[PDB]
Amino acid sequence: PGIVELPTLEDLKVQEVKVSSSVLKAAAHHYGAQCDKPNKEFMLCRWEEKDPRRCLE
Amino acid sequence: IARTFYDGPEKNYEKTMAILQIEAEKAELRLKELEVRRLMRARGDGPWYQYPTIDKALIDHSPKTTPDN
Ligand SMILES: CCCCCCCCCCCCCCCCC[C@@H](O)O[C@H](CO[C@H](O)CCCCCCCCCCCCCCC)COP(=O)(O)OCC[N+](C)(C)C
């Protein structure tokens with residue numbers, strides 16, 4: 001019953017954050033304090049859309 | 001004897017006419033009820049033969065701790 005539309009590999013190319021979990025945990029509080037707006041926008045998009053293919057940007 | 005114990009024939013005539021009318025309506029109603037019961041059991045769109053389903057008020061429309069659902 002139809003096909004599943006998946007994004008291409010080049011649509012999933014992004015600069016990755018390659019620090020370990022301890023580094024993230026050390027700066028978790030300041031990360032939440034400073035980068036709150038894009039994180040909240042992405043989380044809102046993820047919840048309303050309910051689809052990983054609609055919140056890639 | 002006729003004056004004291006019995007009545008005229010028109011009385012019995014009209015009485016049995018009324019009885020016949022009543023019985024005919026009852027027979028027609030019985031047949032119609034059978035047909036209606038058959039149809040509404042086959043289709044299920046009538047008031048009778050309604051079987052319960054799951055109430056939609058039990059669903060929780062809130063964030064579920066995961067984005068997808
Ligand atoms: C004239 C002399 C020579 C000829 C004799 C002829 C003999 C005839 C007498 C024998 C009577 C036969 C018994 C049949 C009784 C029928 C009962 C019923 O059909 O009558 C009802 C009413 O009953 C009657 O009033 C008669 C009831 C009397 C019962 C007879 C019993 C007598 C036996 C004697 C017993 C003696 C006892 C002694 C104790 C020691 C009628 O119902 P109703 O819907 O309202 O009236 C419709 C007609 N209207 C509307 C025009 C008025």
# chains A, B, ... in the order shown; residues from 1 in each chain; ligands from 1

$ residues_around --residues "region 13-26 of chain A" --least-positions-apart "4" --cutoff "10 Å" --atoms "only C-alpha atoms" --output "number ranges by chain"
A: 8-9, 30-31, 56-57

$ write_last_selection --atoms "N, CA and C atoms" --output "tab-separated table (two decimals), in the first residue's frame"
chain	number	residue	atom	x	y	z
A	8	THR	N	17.36	11.28	1.12
A	8	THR	CA	18.62	10.78	0.60
A	8	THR	C	19.73	10.94	1.64
A	9	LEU	N	20.85	10.26	1.39
A	9	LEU	CA	21.97	10.33	2.33
A	9	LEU	C	22.52	11.74	2.44
A	30	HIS	N	25.01	25.08	30.95
A	30	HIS	CA	25.24	26.24	30.10
A	30	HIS	C	24.73	26.02	28.68
A	31	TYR	N	24.80	24.78	28.19
A	31	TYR	CA	24.22	24.46	26.89
A	31	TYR	C	22.72	24.72	26.88
A	56	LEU	N	14.12	18.09	9.89
A	56	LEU	CA	15.55	17.88	9.69
A	56	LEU	C	16.33	19.20	9.77
A	57	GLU	N	15.77	20.27	9.20
A	57	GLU	CA	16.45	21.56	9.24
A	57	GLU	C	16.61	22.06	10.68

$ residues_near_ligand --ligand "ligand 1" --cutoff "7 Å" --atoms "only C-alpha atoms and all ligand atoms" --output "ChimeraX atom specification"
/B:3-7

$ closest_residue --among "B:69, B:24, B:52, B:32" --to "chain A" --atoms "only C-alpha atoms"
B:69

$ interface_residues --of "chain B" --to "chain A" --cutoff "10 Å" --atoms "only C-alpha atoms" --output "ChimeraX atom specification"
/B:63-69

$ select_by_dssp --residues "chain B" --states "alpha helix (DSSP H)" --output "PyMOL selection string"
chain B and resi 2-5+9-43

$ write_last_selection --atoms "N, CA and C atoms" --output "CSV table (one decimal), in the first residue's frame"
chain,number,residue,atom,x,y,z
B,2,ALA,N,-86.5,-12.7,21.1
B,2,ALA,CA,-85.6,-11.9,20.4
B,2,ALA,C,-85.5,-10.5,21.1
B,3,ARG,N,-86.6,-10.0,21.5
B,3,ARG,CA,-86.6,-8.7,22.2
B,3,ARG,C,-85.9,-8.7,23.5
B,4,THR,N,-86.0,-9.8,24.3
B,4,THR,CA,-85.5,-9.9,25.6
B,4,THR,C,-84.1,-10.3,25.7
B,5,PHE,N,-83.7,-11.3,24.9
B,5,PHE,CA,-82.4,-12.0,25.1
B,5,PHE,C,-81.4,-11.6,24.1
B,9,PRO,N,-78.8,-8.0,14.1
B,9,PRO,CA,-77.7,-8.5,13.4
B,9,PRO,C,-76.6,-7.5,13.1
B,10,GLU,N,-77.0,-6.2,12.9
B,10,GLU,CA,-76.0,-5.2,12.6
B,10,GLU,C,-75.0,-5.0,13.7
B,11,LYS,N,-75.4,-5.2,15.0
B,11,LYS,CA,-74.5,-5.2,16.1
B,11,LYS,C,-73.3,-6.2,15.9
B,12,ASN,N,-73.7,-7.4,15.7
B,12,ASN,CA,-72.6,-8.4,15.5
B,12,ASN,C,-71.8,-8.2,14.2
B,13,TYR,N,-72.5,-7.7,13.2
B,13,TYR,CA,-71.8,-7.4,11.9
B,13,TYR,C,-70.7,-6.4,12.1
B,14,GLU,N,-71.1,-5.2,12.8
B,14,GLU,CA,-70.1,-4.2,13.0
B,14,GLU,C,-69.0,-4.6,14.0
B,15,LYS,N,-69.4,-5.4,15.0
B,15,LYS,CA,-68.4,-5.9,16.0
B,15,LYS,C,-67.4,-6.8,15.3
B,16,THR,N,-67.8,-7.7,14.4
B,16,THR,CA,-66.8,-8.6,13.8
B,16,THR,C,-66.0,-7.8,12.7
B,17,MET,N,-66.6,-6.8,12.1
B,17,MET,CA,-65.8,-5.9,11.3
B,17,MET,C,-64.7,-5.2,12.0
B,18,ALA,N,-65.0,-4.7,13.2
B,18,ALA,CA,-63.9,-4.1,14.0
B,18,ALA,C,-62.9,-5.1,14.4
B,19,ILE,N,-63.3,-6.3,14.8
B,19,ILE,CA,-62.4,-7.3,15.2
B,19,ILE,C,-61.5,-7.7,14.1
B,20,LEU,N,-62.0,-7.9,12.9
B,20,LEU,CA,-61.2,-8.2,11.7
B,20,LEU,C,-60.2,-7.1,11.4
B,21,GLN,N,-60.6,-5.8,11.5
B,21,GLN,CA,-59.7,-4.8,11.3
B,21,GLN,C,-58.5,-4.8,12.3
B,22,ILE,N,-58.9,-5.0,13.6
B,22,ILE,CA,-57.8,-5.0,14.6
B,22,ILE,C,-56.8,-6.2,14.3
B,23,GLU,N,-57.4,-7.4,14.0
B,23,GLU,CA,-56.5,-8.5,13.8
B,23,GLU,C,-55.6,-8.3,12.5
B,24,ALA,N,-56.2,-7.7,11.5
B,24,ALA,CA,-55.4,-7.5,10.3
B,24,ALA,C,-54.3,-6.5,10.5
B,25,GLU,N,-54.5,-5.4,11.3
B,25,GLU,CA,-53.4,-4.5,11.6
B,25,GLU,C,-52.4,-5.2,12.5
B,26,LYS,N,-52.8,-6.0,13.4
B,26,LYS,CA,-51.8,-6.7,14.2
B,26,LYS,C,-51.0,-7.7,13.4
B,27,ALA,N,-51.5,-8.4,12.4
B,27,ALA,CA,-50.8,-9.3,11.6
B,27,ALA,C,-49.8,-8.5,10.8
B,28,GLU,N,-50.2,-7.4,10.2
B,28,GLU,CA,-49.3,-6.5,9.4
B,28,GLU,C,-48.2,-6.0,10.2
B,29,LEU,N,-48.5,-5.6,11.4
B,29,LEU,CA,-47.4,-5.1,12.3
B,29,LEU,C,-46.4,-6.1,12.7
B,30,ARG,N,-46.9,-7.4,12.9
B,30,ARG,CA,-46.0,-8.5,13.3
B,30,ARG,C,-45.1,-8.8,12.1
B,31,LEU,N,-45.6,-8.8,10.9
B,31,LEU,CA,-44.7,-9.1,9.7
B,31,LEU,C,-43.7,-7.9,9.6
B,32,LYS,N,-44.1,-6.7,9.7
B,32,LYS,CA,-43.2,-5.6,9.6
B,32,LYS,C,-42.2,-5.6,10.6
B,33,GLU,N,-42.5,-6.0,11.9
B,33,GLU,CA,-41.5,-6.1,12.9
B,33,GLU,C,-40.5,-7.1,12.6
B,34,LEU,N,-40.9,-8.3,12.1
B,34,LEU,CA,-40.0,-9.3,11.8
B,34,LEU,C,-39.0,-8.8,10.7
B,35,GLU,N,-39.5,-8.2,9.7
B,35,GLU,CA,-38.7,-7.6,8.6
B,35,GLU,C,-37.7,-6.6,9.1
B,36,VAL,N,-38.2,-5.7,10.0
B,36,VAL,CA,-37.3,-4.7,10.6
B,36,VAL,C,-36.2,-5.3,11.4
B,37,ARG,N,-36.5,-6.3,12.2
B,37,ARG,CA,-35.5,-7.0,13.0
B,37,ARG,C,-34.5,-7.6,12.2
B,38,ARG,N,-34.9,-8.3,11.1
B,38,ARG,CA,-34.0,-8.9,10.2
B,38,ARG,C,-33.0,-7.9,9.6
B,39,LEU,N,-33.6,-6.8,9.1
B,39,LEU,CA,-32.7,-5.8,8.4
B,39,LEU,C,-31.8,-5.2,9.4
B,40,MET,N,-32.2,-4.8,10.6
B,40,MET,CA,-31.4,-4.1,11.5
B,40,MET,C,-30.4,-5.0,12.2
B,41,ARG,N,-30.6,-6.3,12.2
B,41,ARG,CA,-29.6,-7.2,12.7
B,41,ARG,C,-28.5,-7.5,11.6
B,42,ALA,N,-29.0,-7.5,10.3
B,42,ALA,CA,-28.0,-7.7,9.2
B,42,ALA,C,-27.1,-6.4,9.1
B,43,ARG,N,-27.7,-5.2,9.1
B,43,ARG,CA,-26.9,-4.0,8.9
B,43,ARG,C,-26.3,-3.5,10.1

$ atom_distance --atom1 "CA of residue 42 (chain A)" --atom2 "CA of residue 11 (chain A)"
17.0 Å
